[PDB]
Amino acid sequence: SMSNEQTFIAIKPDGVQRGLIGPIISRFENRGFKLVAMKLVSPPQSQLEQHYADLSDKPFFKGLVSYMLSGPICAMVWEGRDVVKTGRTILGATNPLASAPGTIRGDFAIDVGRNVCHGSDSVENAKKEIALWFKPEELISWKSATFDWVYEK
């Protein structure tokens, strides 16, 4: 696994409304992942329906899209070794009832329809979601001063 793997993490409107932007960012920051893109956005319905295109037949699809439209979203790209899988572990189970304390949803969420955050489920879906939400010039290239202390190689 390469240390330049990237994943798309988004703070959903309930996370923004409930004042969780700082804490959620700190979870990935303290773990050692690198923030390479971030923006507060209120994306159009078409973009949100494309983001959740695989769930278009689910009965909760229209309520999911309407709720994702109901407030601002903090869209982020994080970079690090196995950041996709480990990011999902940091977020916790999709349904917060099954999430463990110490994860984001295990500390902050209750309802699956209000699970505060989103994270890419696979490397290929991460590449697709990053391109959907961000322009290439919005990803910032930099090197952390503690890179050699987080990674062995």
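Start at 1 with the first residue shown and count on from there. Rigid core (definition): largest C-alpha set, two forms, superposition within 1.5 Å.
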> Of the stretches 32 to 40 and 58 to 66, which sits farther from where it is here in 7 other deposited structures of this protein, on average over its Cα atoms, after fitting the core?
Replying inline: 58 to 66
> Comparing 81 to 89 with 49 to 57, which has C-alphas lying farther from the shown form in 7 other deposited structures of this protein once the core is aligned?
Replying inline: 49 to 57
> Per the PDB record, is the mean Cα temperature factor higher over 124 to 132 or over 52 to 60?
Replying inline: 52 to 60
> Can you tell me which stretch has the higher mean Cα B-factor, 16 to 24 or 141 to 149?
Replying inline: 141 to 149
> Which is it among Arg105, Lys85, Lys39, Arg114: the one with the largest CA B-factor in the entry?
Replying inline: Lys85
>> What third of the chain does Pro101 rank in for C-alpha temperature factor, lowest, middle or highest?
In response: lowest
> With respect to C-alpha B-factor, does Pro44 fall in the lowest, middle or highest third of the chain as deposited?
Replying inline: highest
>> Looking at the temperature factor on the CA atom of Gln6, which third of the chain's modelled residues does it land in?
In response: middle
>> Can you tell me whether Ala93 has a C-alpha B-factor in the lowest, middle or highest third compared with the other modelled residues of the same chain?
In response: highest
